[PDB]
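Shown next are two forms of a single protein chain, provided one at a time as structure tokens under the names structure 1 and structure 2.
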Structure 1
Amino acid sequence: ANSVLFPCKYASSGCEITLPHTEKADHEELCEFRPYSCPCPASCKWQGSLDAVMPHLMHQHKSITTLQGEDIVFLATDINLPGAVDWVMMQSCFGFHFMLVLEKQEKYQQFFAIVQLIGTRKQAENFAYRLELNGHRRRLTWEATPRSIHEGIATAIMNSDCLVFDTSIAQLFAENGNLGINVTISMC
């Protein structure tokens, strides 16, 4: 009311919304015309549209393999390897692509496993993912809604809003230095 209306930062990309100086910041974060960053877990700093995400991964990250199936096994090899490492692969099911990431971070080591949907924030609400570590007379399960690549996983990992475990847990489910994470994607 009576306040001057400013166009969105991504008005050049197709945003037809004009908001005042205060409300401007809150929308630009949740804006659909905001460029998508590279979903790969700091080496790559690429940005572009959502339609350019799958070709970018096919060309600049050829080493990432894609498995067909809603229920697969993510066998991350050399989990005891010295230093902080990352494991990434893709899951093709329900006509969509999902990024499966296992992040090893230096602890005062800790592990973070999460699933992202290559799609919008609204598209991610229609899915659910399950992560499970299985052993003899042991099972650790994590279930949640997959994050959209638009918002990423940086905030989610920092809030531990994913499957979180340490070196002690990892050795209980590790077979010949490899950890097998059962990944199940479902439509809700």
Structure 2
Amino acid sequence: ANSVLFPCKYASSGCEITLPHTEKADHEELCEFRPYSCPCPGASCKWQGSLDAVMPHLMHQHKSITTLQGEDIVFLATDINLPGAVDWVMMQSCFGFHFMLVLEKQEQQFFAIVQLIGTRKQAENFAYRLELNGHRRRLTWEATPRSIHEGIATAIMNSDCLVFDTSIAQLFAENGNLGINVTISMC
């Protein structure tokens, strides 16, 4: 016996991965059989469950989330010049899936990102485009949406999203509101 492979802690729900102790914890954070937590930003909701329980949870506990149908929308964040840590959240539905669109203002910079209510593998089929439009000015960010399984905190932390500041916001804002064009496509 030269060494031992240990089963993923999520084997009980179907995971078949068995690995050395040194690369076990790494897998378990990434593992698809890990429970899903609440995709809403912040910690005021500590819910957890199955992927197909996520939308029901949002529909019961977070009824105030604005939702639009379509692959092309305008996400109009109102009151952008508010001081401090502020969030704007909405749902976009298209291609039979639901996407969470998030704009975060940190106490100052703005971070805008899109996440899929779905698995990491599902997220790979999609591209999103965020674009800010002004008079003969356009800033565009394009990327693969994150799965809510992974979340957006790490991405935001490494600026792996649309990142702009309050000065840039002024070039694109109208009446203290910023219209962000969001397009989702299958690639």
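By convention here, residues take numbers in order along the sequence of structure 1, the first being 1. If you superpose the two forms and keep the largest set of C-alpha atoms that fall within 1.5 Å, you have the rigid core.
After superposing the rigid core, the Cα of residue 178 is displaced by less than 2 Å between the two structures. Residue 23 shows a C-alpha shift of 2 Å or greater between the two structures [criterion: core-superposed Cα displacement of 2 Å]. After superposition on the rigid core, the Cα atom of residue 165 is displaced by less than 2 Å between the two structures. On the core-superposed pair, the CA position of residue 84 changes by 1.2 Å between the two structures. Core superposition gives residue 54 a CA displacement of 0.2 Å between the two structures.
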